[PDB]
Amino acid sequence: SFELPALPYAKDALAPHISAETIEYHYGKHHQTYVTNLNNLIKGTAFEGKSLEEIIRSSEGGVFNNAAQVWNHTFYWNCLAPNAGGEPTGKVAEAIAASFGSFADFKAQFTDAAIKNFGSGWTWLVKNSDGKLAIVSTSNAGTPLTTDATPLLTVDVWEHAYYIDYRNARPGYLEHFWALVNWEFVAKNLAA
């Protein structure tokens, strides 16, 4: 059995950038439903004795879809924080300047990739096995965990992530995503 992890902050702590109503549906109903559905699909199978990550790397179909979405959304909630956002500092800023020229060029490329990701999906900042950073987009429950790249930052662009607050304006959601980025989490992901 897998449980829904506690949210790292109060449900209105990301406002006005993501509302408390988007958190009650996205965390309290959508992320809860993926945990329940995962638990029901793996009951009595060999997947019951594996870690979530090992399930994601060895499954397909419905088991994959629910396990990758449990992981992807727990990672997503940790990428956001109250009294954060702004430009990064330290090793993160150096790593971004080195692979993308500057933070302003990285922000522009990530935003563009997130806006253009057609349908439901995720856009990721990853560190490839060679140490360079790159922006990749996945469709639906797709995740960098099935490749050699290490996930550092993600934004959910399934319409449920923003439709209550921004309706069709996915660019407005992305502009406000930058005010919430938890660069401390990204730093821990880069150093691991």
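When you see a residue number, it is the position in the sequence shown, counting from 1.
Enquirer: Mean C-alpha B-factor higher for 84-92, or for 114-122?
Expert: That would be 84-92.
Enquirer: For the stretches 54-62 and 159-167, which has the higher mean C-alpha B-factor as given in the deposited record?
Expert: Stretch with the higher mean C-alpha B-factor: 54-62.
Enquirer: Check the PDB entry and point out which of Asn140, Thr33, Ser137, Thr150 has the largest C-alpha temperature factor.
Expert: Out of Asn140, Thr33, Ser137, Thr150, the record gives the largest C-alpha B-factor to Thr150.
Enquirer: C-alpha B factor of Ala68, ranked within the chain: lowest, middle or highest third?
Expert: Lowest third.
Enquirer: Please place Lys43 in the lowest, middle or highest third of its chain by C-alpha B factor as given in the entry.
Expert: It falls in the top third of the chain.
Enquirer: By its CA B factor, does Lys127 count among the lowest, middle or highest third of the modelled residues in the chain?
Expert: It belongs to the highest third of the chain when residues are ordered by C-alpha B-factor.
Enquirer: Can you work out whether the C-alpha temperature factor of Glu21 puts it in the lowest, middle or highest third of the chain?
Expert: Answer is lowest: the recorded C-alpha B-factor places it there.
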